[PDB]
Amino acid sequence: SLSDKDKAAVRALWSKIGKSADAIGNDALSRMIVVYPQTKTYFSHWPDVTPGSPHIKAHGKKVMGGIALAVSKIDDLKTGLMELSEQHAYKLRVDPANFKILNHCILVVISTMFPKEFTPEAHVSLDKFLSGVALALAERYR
């Protein structure tokens, strides 16, 4: 669970980096499909499963809008992300292991883009938060 310390840290980092959400999202999904190509199995309905491709840029926007949603709902991620959980559960059938993969890629992207801001203390709290987001996304699966 997230302490008040963790919640403040996530809020202060997102206050600093949130304006860059769309770029974070394209960078992170690009890294996921290149570095973990087995994740491309969910995007088989797309022909343009390539870094930086229009479906990847578009979709990175939606994912980091989801992260912004989660920051706004950080006091109750389960309730806050229930609709996205149901979307990934029933429609998308995404195995929750891949949330762990994307979360690592989001941390690599923020490190490349905001090295000063992504301190070790910001990192332990943001890792806890993204683990909480992955668990909340799995809420409606089973």
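Between two forms, the rigid core is defined as the largest C-alpha subset superposing within 1.5 Å. The first residue of the shown sequence is 1; numbering continues from there.
**OP:** Please work out whether 59-67 or 43-51 has the higher root mean square C-alpha deviation in 8 other deposited structures of this protein relative to the shown form, with the rigid core as fitting region?
**Re:** Higher average C-alpha offset in 8 other deposited structures of this protein goes to 43-51.
Original post:
Comparing 24-32 with 88-96, which has C-alphas lying farther from the shown form in 8 other deposited structures of this protein once the core is aligned?
Top reply: Larger mean C-alpha displacement, comparing 24-32 and 88-96 in 8 other deposited structures of this protein, is found in 88-96.
**OP:** Look over 127-135 and 11-19 in the entry and identify the one with the greater average Cα temperature factor.
**Re:** Mean CA B-factor is higher for 11-19.
Original post:
Would 51-59 or 109-117 have the larger average of its C-alpha temperature factors, as given in the entry?
Top reply: Per the PDB entry, the higher value belongs to 51-59.
Original post:
Among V94, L84, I74, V35, which carries the highest Cα B-factor?
Top reply: That would be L84.
**OP:** Would you please rank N103 by its C-alpha temperature factor against the other modelled residues of its chain and give the third it falls in: lowest, middle or highest?
**Re:** Lowest third of the chain for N103's C-alpha B-factor.
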